[PDB]
Structures are given as C-alpha cells and as structure tokens.
Novice: 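Pasting in a structure now, in structure tokens, and then I'll have a few things to ask.
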Amino acid sequence: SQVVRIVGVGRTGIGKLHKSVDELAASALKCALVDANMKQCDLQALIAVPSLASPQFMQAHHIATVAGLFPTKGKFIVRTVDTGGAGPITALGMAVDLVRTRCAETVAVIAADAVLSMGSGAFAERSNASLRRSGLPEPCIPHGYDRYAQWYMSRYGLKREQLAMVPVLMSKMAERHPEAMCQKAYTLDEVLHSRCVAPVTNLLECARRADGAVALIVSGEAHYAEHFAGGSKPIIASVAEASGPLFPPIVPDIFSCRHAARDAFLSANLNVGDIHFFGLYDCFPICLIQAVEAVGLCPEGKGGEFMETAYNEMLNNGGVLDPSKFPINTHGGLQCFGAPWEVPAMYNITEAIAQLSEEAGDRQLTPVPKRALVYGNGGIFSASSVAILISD
Amino acid sequence: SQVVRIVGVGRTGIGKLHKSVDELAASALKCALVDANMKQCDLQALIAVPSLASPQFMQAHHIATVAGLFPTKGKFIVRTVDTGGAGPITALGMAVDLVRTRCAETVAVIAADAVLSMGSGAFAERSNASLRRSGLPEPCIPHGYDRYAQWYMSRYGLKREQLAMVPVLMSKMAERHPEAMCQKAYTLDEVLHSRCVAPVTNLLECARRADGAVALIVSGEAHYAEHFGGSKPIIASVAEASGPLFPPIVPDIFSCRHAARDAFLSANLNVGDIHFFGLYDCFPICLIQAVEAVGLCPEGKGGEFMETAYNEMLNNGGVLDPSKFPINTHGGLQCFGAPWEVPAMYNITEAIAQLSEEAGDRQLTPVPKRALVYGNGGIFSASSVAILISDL
Ligand SMILES: CC(C)(COP(=O)(O)OP(=O)(O)OC[C@H]1O[C@@H](n2cnc3c(N)ncnc32)[C@H](O)[C@@H]1OP(=O)(O)O)[C@@H](O)C(=O)NCCC(=O)NCCSC(=O)CC(=O)O
Ligand SMILES: CC(C)(COP(=O)(O)OP(=O)(O)OC[C@H]1O[C@@H](n2cnc3c(N)ncnc32)[C@H](O)[C@@H]1OP(=O)(O)O)[C@@H](O)C(=O)NCCC(=O)NCCSC(=O)CC(=O)O
C-alpha cells in the first residue's frame, strides 16, 4: 500500500476570535507547516471544506490564493469537499489516496469557520436553510437529531437522563482543557433545566458555536524522512466512509457509522480492543450514544447505559471523570470544546495526536495509547467518516 | 489495474426550463439509469457539484435524499466536490478511484443548475460574490479572463479578432445541434460589435447562461457485463492541476498543459491518437489556451489556430467542416449553453455521441475511437482532463 502519516498539525485558538475565515485558515496552515518542518513550496496539494460564516465558491482555491501559495513550481492539486462534519476525515482519506496514486507527495487538509462571530441571527438562518425540503421545524438540525433520539427512546428504551449525561461527561473533560469553551462542568439537573430547543434536546446538549481553524499536513513516511526529518506524526492506518439520508423520514440501516467503523477496522487489520483513544463526533447526545455502539465500545442499544455507568463512576469518584475509564473526547468534543460547523472533527484528530504523543497534559491517558480511532459525522447521520491512527 | 467505463448517460434539455435544481438532477439521474439498464438499488455511490441557483449544504446528500435513494440496503457513499467547471471531470476521476479501491462498484456523477431561470440580477450578484478579495471590477469572472486575454495579446501577439473568432466557430457548430441555445451562426463583425463586457471581451464571447442537468453512471467493465463500446466508453485516464482563483502573470500559472500531459501518459496515448476534443470555452482565451495546452498547436499559436479554421470556413461557403476542426461540435459554453459548473458534462456527452456515431449532422467521419475532454474552473484555477476510448 505505502505508509502515509499525518506529519504536521496546526490550529488557531477557539471561541469568538473576530477574524475572517481566510485569516484563520492561513494561520492554521502556517502553524502546521512549522510543525511539519516544511515550507509552502513543499506542499503539492490542498484540500478544504466549505465555511458557513463565509460561503465561498471553490473554497480551497480561494484560501490557497489569499494565503499566497501561488505561483507554484511544478504541480499543485486543489480541491474542496463537502460531507458536512465528516469532511475533515473524508479529506484525510482523499489525501492518503493522492499520495498512494502519486498525484501529490504532500497534502494540506484545512478546515476553517467563524460561526460564533457571524451572529446568532445569520447562523440560525443559514443552518436552517441547509435543511430545505426536510419538513423539520426550526432550528432544523437539532430537531432532526431529536427525531432520531426519540426513536432510540421508543426502540431501545433509552432514557431522557442518559442523553443529558453526555454534555455532563463532556463538560468534565472540557474543564481540564485550557482552551475549551466550557470551563465549568455541568450537573445533570443543570442540563435538564436548560432552555428547551427540541422535545428531548436542551441548550446545553447542543453543539457549541465557535470560531476556529485546523490544518493537517499529510505525507508518505519515506518521502518525509528523506527530506524533512511516531505518535506525534501518526500513521493513517485506514479511512472509511458511508452515508445516509440528509434528513429523517426510521430503520437501523439508515445509520452508517457502524459500516464505516467496520470497514476501517478491517482495512487496518485491527479491532476495537486495540484502540485506547476515541475521538467521536458528538454534535448532540444521540450522536455520541450511537457512535459508541457503532464502533463497538458497547452493544447495540446500550449506549445510554454506557453513559450512565461512566456518570455514576464519576459521582462515586468525588466528581472526577477518570479518562482511563472513559477514553473518549478528552478535549470536550463539540458539546464543550467547540464546534465551528464542519471543523470540529479536526479536534478529534488533534486530541488523538496529543494523547498518542503523550502531550495531552492533565487529560493524558496512562498508559500512553498506541492507537486511536477518530469519527466525523455530517448532516443528520447523513455522512460517516472513520479513521484509525497508529504511532507505529 | 482494472477497466472502468461510463456505462450510462442521461440529461435534461437546456435553456430556460422553469424547474428546480433538484427536479433537473433527479430527471437526469433517472435517464442515466435507464441508459445504463440499471435501477437505483444498483448504485453504490453518488458524487455531485454545487449549484449557484440553489446553493445547498451537502448538495449531493440533498439531491440523493429528495430523489428518494434512501433508505439503501448496502453501503452508499455520497460526496459533493467543488473545483468550479472542472468539477464533472474531477468527480469522474474520483468515481474511477472509488471503483478501483473497491469502495463502490458503481458511481453516479451528477451536475445540475438553473442559472438562466434564477434571473440576471441574482446571477450577477452571486457570480461576482464568488470573487471576493480579487479586486476585479464587475462582472468579475469576465474581467478576470479578460486580464489573461490582454496578457496573451501583449506576450504572444494574439489579435483581438482571433478572440472574436471563437464564438463564430462555436456558433457554426451550435446551429447543427437541435438543442443548442444558439441556432443562428454569428459573423465576426456581429461578435465585435456586440455589447462590451470587458475591454477585449464582448457579450457574444461570454459563456451562455442556461439551466440544465447531466448524470453519468460509472462502473467497472467486468462488473457491468456480469449484471447489466463507444456508447459506454472506457475512462482511459483522468488528471488534474490547479492555479490561483484570480489573477495578480507567469506561464506556470496555467495548469491545463500539466493536466493534459499527465492524462496522456496515464493513458499511454498522444494528441495524434485523439480525434475529438471537448474543450472548455467559457471565454475565447480559455479555448485558445486549451488547444495549445493539449497540443493541437504550439504555444502562442492558438489565435492563429482559430483564424486558420475561420478562413477555411469562409472559403468553404461558410460551412465549418468538423473534420478540420473536431472540437466542441455541440457549440460549447459559448453557443450550446453553460449552467455554471455543469457544462464540462456536455464535453463528455458530445464525445460519447461522436464515439458512438450518434452525433447526427455533427458526426465526424471516420468515427473517432478516442476523445479528450477538458473542464476548467474559476479563472484558470482548476484544470481537469480525461481521455475516453471506445475499446482497448
Ligand atoms: C441553540 C441555538 C438554537 C440557539 O443558541 P444561541 O446562540 O441563540 O444562544 P446564545 O449564545 O444567544 O445564548 C445562550 C447562553 O448559553 C450559552 N450557550 C449557547 N449555546 C450553547 C451550547 N451549545 N452549550 C452550552 N452553552 C451554550 C451562551 O454562551 C449564552 O450564555 P450567557 O448568556 O450566560 O453568556 C443555536 O445555538 C443552534 O442552532 N445550535 C445548534 C447547532 C447545530 O445545529 N450545529 C450543527 C450540528 S451538525 C454538525 O455538527 C456537522 C454538520 O454540519 O453536518
Ligand atoms: C454576459 C453577461 C454579463 C450579461 O448577461 P445578461 O443576462 O445581462 O444578458 P442580456 O440581458 O443582455 O441578454 C439579452 C439578449 O442577449 C442574449 N444573450 C445573453 N447572453 C448571451 C451570450 N453569452 N451569448 C450570446 N447571446 C447572449 C439573450 O439570449 C437575449 O436575446 P434577445 O436579444 O433575443 O432578447 C452574463 O451573461 C455573464 O456574466 N456571462 C458570463 C457568465 C460567466 O462568467 N460564467 C462563468 C464562466 S467561468 C467558468 O465557466 C468556470 C467555472 O464555472 O468555474
């Protein structure tokens, strides 16, 4: 096949940054190049995902032009891809493909957005407009996921309080991350008594609006060692995708994460027991609950109980959530770290790399994980992208 | 490695159709499935390009959902890609890649838009907004290409009248195509005396706004024969290259030559083996650069290539013989129609018509065995080239 690694990582801060999407993208890319010990001229491709704050025709080309990558010497392949929040991992798979087919020896993958700075009114309008023809009441995306949550409750007996436990657990993780937007952990009642957004979905269960950008540099192992030289630059062991409808009608074969996860495991010749860090998309509680089931951390229908077990162990440990007992989204995820539209799957990757390189600080897993699984989700369970990262 | 064919083609009409983008996409896909002797359930992937008339989050997913592809039984991979008007050929390359890596045995590639029905005011605003930060005066895209045209005139001695000859030649082709929006050929003076859009670019030299959709079905040769020549051509190769989204000017900015060269090497063919060319012609300078890039004439001689054909046309009783100018026999973006990111599809469909001997009064004799198609995005920002052959 040929071994391909994430050789560079760079990102901006997260929050209300008062910067343009182009500035954030450019800053993230520069950080990534420094992290890779590379220069602009060493890049042979660039892949990006669209922005909601600043929608732009041929986004990747726009970013590349403004950042001053042109004119280049030799070949440069640029591409914008849209699979929603699955994008960054989708783009990762494409980057691997460009390397293996020898279309490009090195690839930059960039995601950038500013949905907190854009204002609540504009965000709500554009995010709702994203689900035309769905029949979903506003806000549409939360209502779409809420409809799947209610189906889980009816089908599998998922409890309302088990959904609400997700942001509690994520807030416990987030408060150990210096940059996470949530710096104080929630109580279960606080989540349950927060503003109602949809019948079984409250405000503190919604993905947290943020500005932010992340850039990844992908390269063949051999090429990188020759010119620019484990866990800090992990091997992309596999990437797999699967898809579903953009909005709900409900049958279990609609969900695509399990198929994507299974294909990623087979591709990498690994199993769930070999993975000791999980960066799992958590735009709403039902997404994370379905994710842990899909990747095989627990049986089908037992995701809610998986959350409750961790929540109870947290309460019986003096309110402390031990990462070793819940090695998932140690950064806080979309719930409590932040969610810049199609960006935040990048934070599953960056947090995985931090853990694999033993640079996650107070969030650090012990023993150091050798292998990580990351998961990005787009639309309303419409796009699944799963990748497995290994140190060696 | 493994032979992959375009096994189905379907499209709507072209013009002012008064239909939604979703309706056009859905209609084109149904036609393509019938043309492939396939059903929805036989599709394992769908790739699409964004629409200007109806911009939509996760466009491919949106189209797939509204068209009723879900729920699916097996795996289904959906993806939206944006490389401007290069898109359809970019997507074609990705489809081939999905087949070869066995992620999907069959792939639908769809492009749909309605930029004529959307209204002149909305089109102008959105097309201009596409070039933020460029510094180009309105209309921005024509002015961007106009700046490159002026550079060609200064650098290579390209004549103003040679630019204007492009729509003349395209209008001669278009009037032989029943559905082409231009049904009466232009004179050179008529082009030169038409409304000025940019210093060296007039109205009849601009890409013709149209509504339209096209859908392609891609499949491995062996898989298709088990379950379901020129009419279903082999995708011999696909190659891409990119450049800045807008101008500052150096010759290494242009990427079509690199893309063309890589496609030829990939396919193990040369320009002399190709007897039909579907070349992107959003403005005269694009086609002039295209014929040079693919090797139909030397660098800087594209203007003279047009004049030679124009003069031979005048000395042949005003008749443009396709055998002496086997290029865009449909009329291209200039005179067939240009639905934003769609019209590279018409280079593919016209190529297939020629290869299958179903091009009517436009038919090349002898029947071409091999065709080259070229899509261009932005302002010489994206190049996508593919070579189609009837048999090995
Ligand atoms: C919930 C909303 C309808 C309305 O929230 P508002 O922005 O109006 O709230 P606000 O900022 O005005 O003020 C509310 C107060 O609570 C805080 N607050 C706001 N949102 C919060 C959240 N998610 N979690 C925790 N706290 C939050 C604010 O800081 C503020 O605090 P104080 O007042 O104390 O300062 C909206 O945020 C929304 O639509 N959220 C859903 C996001 C979404 O759908 N994302 C895409 C998921 S799909 C995906 O992930 C990928 C893909 O694109 O496919
Ligand atoms: C030329 C324009 C500025 C002006 O268009 P208007 O809508 O104002 O046209 P109008 O109102 O003057 O039209 C009045 C008459 O002229 C005709 N007419 C209109 N446009 C024409 C054209 N291009 N060629 C020939 N005739 C044309 C109409 O049929 C009508 O006929 P009658 O006389 O019978 O009434 C615009 O169409 C334009 O921007 N065109 C270029 C589009 C573009 O840049 N596309 C992207 C290219 S880049 C690319 O392709 C790559 C990528 O996408 O990335």
Side-chain angles (χ1 to χ4, degrees), chain B residues 6 8-36 38 46 48-54 56 59 62-63 66-68 85 87-89 91-92 108-120 122-123 167 170-185 204 206-217 231 278 280-282 328-363 373 375:
Chain B
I6 295 174
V9 174
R11 67 165 178 80
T12 63
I14 182 155
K16 198 170 201 169
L17 304 167
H18 303 286
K19 275 122 148 41
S20 71
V21 176
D22 290 340
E23 285 174 311
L24 295 172
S27 304
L29 177 61
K30 286 178 252 166
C31 282
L33 288 165
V34 169
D35 189 62
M38 291 188 187
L46 188 142
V49 302
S51 160
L52 191 72
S54 297
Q56 174 58 46
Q59 188 98 215
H62 181 98
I63 292 165
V66 171
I89 298 164
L92 192 69
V109 182
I110 299 173
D113 219 333
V115 297
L116 186 52
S117 286
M118 78 183 291
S120 333
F123 173 81
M170 292 299 97
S171 73
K172 291 281 171 171
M173 295 295 194
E175 83 187 351
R176 282 190 295 248
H177 203 305
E179 307 186 55
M181 300 196 317
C182 171
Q183 287 285 294
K184 195 176 169 188
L204 300 185
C206 294
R208 186 70 178 278
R209 284 203 301 145
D211 307 347
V214 182
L216 309 176
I217 310 303
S231 57
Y280 214 78
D281 60 318
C282 50
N328 297 352
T329 49
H330 64 298
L333 278 73
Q334 290 294 312
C335 295
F336 185 80
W340 196 238
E341 298 191 8
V342 175
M345 288 285 201
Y346 302 130
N347 288 328
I348 293 165
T349 57
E350 183 68 5
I352 287 169
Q354 292 285 4
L355 294 165
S356 57
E357 202 178 5
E358 301 182 3
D361 298 319
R362 309 173 275 93
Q363 185 60 49
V373 295

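Naming: A, B, ... by sequence-line order, numbering from 1 per chain. Hydrogens, waters and symmetry mates are skipped; everything else that's a heavy atom, side chains included, is used.
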Novice: Under 4.5 Å between any side-chain heavy atoms of B:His330 and B:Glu179, yes or no?
Specialist: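 They are not in side-chain contact.
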Novice: Any side-chain donor paired with an acceptor under 3.5 Å for B:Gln363 and B:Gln354?
Specialist: yes
Novice: Any idea which heavy atoms bring B:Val115 and B:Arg209 closest together, and the distance?
Specialist: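 So the two residues come closest at O-NH1, 2.7 Å.
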Novice: Quick one: CZ on B:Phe123 to CG on B:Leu116, what's the gap to the nearest 0.5 Å?
Specialist: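 So the gap between those two atoms works out to 9.5 Å.
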Novice: Keeping the roles fixed (side chain from B:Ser356, backbone from B:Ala353), state whether a donor-acceptor pair exists under 3.5 Å.
Specialist: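 Yes, the answer is positive, given that a donor and an acceptor are paired below the 3.5 Å cut-off.
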Novice: Roughly how far, to the nearest 0.5 Å, is CZ of B:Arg208 from SG of B:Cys335?
Specialist: 8.0 Å
Novice: Measuring from B:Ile6:CD1 to B:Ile352:CD1, what's the distance to the nearest 0.5 Å?
Specialist: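 Output value for this atom pair is 4.5 Å.
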Novice: Taking atom types as modelled, find out whether B:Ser231 and B:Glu358 have a side-chain donor-acceptor pair closer than 3.5 angstrom.
Specialist: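 No.
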Novice: Salt bridge or not between B:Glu175 and B:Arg362? Use side-chain N to carboxylate O under 4.0 Å.
Specialist: no
Novice: When you measure from the side chain of B:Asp211 to the backbone of B:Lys16, do you find a donor-acceptor pair of N or O atoms at a distance under 3.5 Å?
Specialist: no
Novice: State whether the side chain of B:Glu341 and the backbone N or O of B:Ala111 hold a donor-acceptor pair below 3.5 Å, judged by distance alone.
Specialist: no
Novice: So, do B:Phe336 and B:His177 sit near enough that their side-chain heavy atoms are less than 4.5 Å apart?
Specialist: yes
Novice: As an exercise, state the distance from OG of B:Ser51 to CD of B:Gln59, rounded to the nearest 0.5 Å.
Specialist: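 It is 5.5 Å, given to the nearest 0.5 Å.
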Novice: Would you name the heavy atoms of B:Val21 and B:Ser54 that are closest together and state the gap between them?
Specialist: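 Smallest heavy-atom distance, with atoms named: CG2-OG, 3.6 Å.
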Novice: Using only atom types and a distance under 3.5 Å, with no angle test, would you say the side chain of B:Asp35 pairs donor to acceptor with the backbone of B:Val9?
Specialist: yes
Novice: So, B:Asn347 side chain and B:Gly278 main chain: donor-acceptor pair closer than 3.5 Å or not?
Specialist: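 Checked: pair present.
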Novice: Can you give me the closest heavy-atom contact between B:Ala215 and B:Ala32, atom names plus distance?
Specialist: O-CB, 3.5 Å
Novice: Rounded to the nearest 0.5 Å, how far apart are CG of B:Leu46 and CG of B:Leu29?
Specialist: 6.5 Å
Novice: Is any side-chain heavy atom of B:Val214 less than 4.5 Å from a side-chain heavy atom of B:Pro88?
Specialist: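 They are not in contact (no side-chain heavy atoms under 4.5 Å apart), so the answer is no.
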Novice: Begin with the C-alpha distance, continue with both residues' side-chain angles, and end with the deciding distance and a verdict on side chain to side chain contact (heavy atoms under 4.5 Å, CB included) for B:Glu350 and B:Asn328.
Specialist: CA-CA 8 Å; B:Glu350 183 68 5; B:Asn328 297 352; over 6 Å; no
Novice: With no hydrogens and no angle check, is any side-chain donor or acceptor of B:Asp281 less than 3.5 Å from a backbone partner on B:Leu333?
Specialist: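 Here the side-chain-to-backbone pair exists.
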Novice: What is the minimum heavy-atom distance between B:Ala344 and B:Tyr280, and which atoms define it?
Specialist: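 Heavy atoms of B:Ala344 and B:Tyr280 come nearest at N-CE1, 4.0 Å.
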Novice: Which pair of non-hydrogen atoms, one from B:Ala112 and one from B:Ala213, has the smallest distance, and what is that distance?
Specialist: CB-CB, 3.5 Å
Novice: Under the side chain to side chain contact (heavy atoms under 4.5 Å, CB included) rule, collect the residues that match up with B:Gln183, sequence neighbours excluded.
Specialist: B:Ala180
Novice: Without swapping roles, check the side chain of B:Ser27 against the backbone of B:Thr12 for a donor-acceptor pair under 3.5 Å.
Specialist: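 No, because the side chain of B:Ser27 does not come within donor-acceptor range (under 3.5 Å) of the backbone of B:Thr12.
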Novice: Measure the spacing between SG of B:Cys182 and NZ of B:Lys172 and express it to the nearest 0.5 Å.
Specialist: 10.5 Å
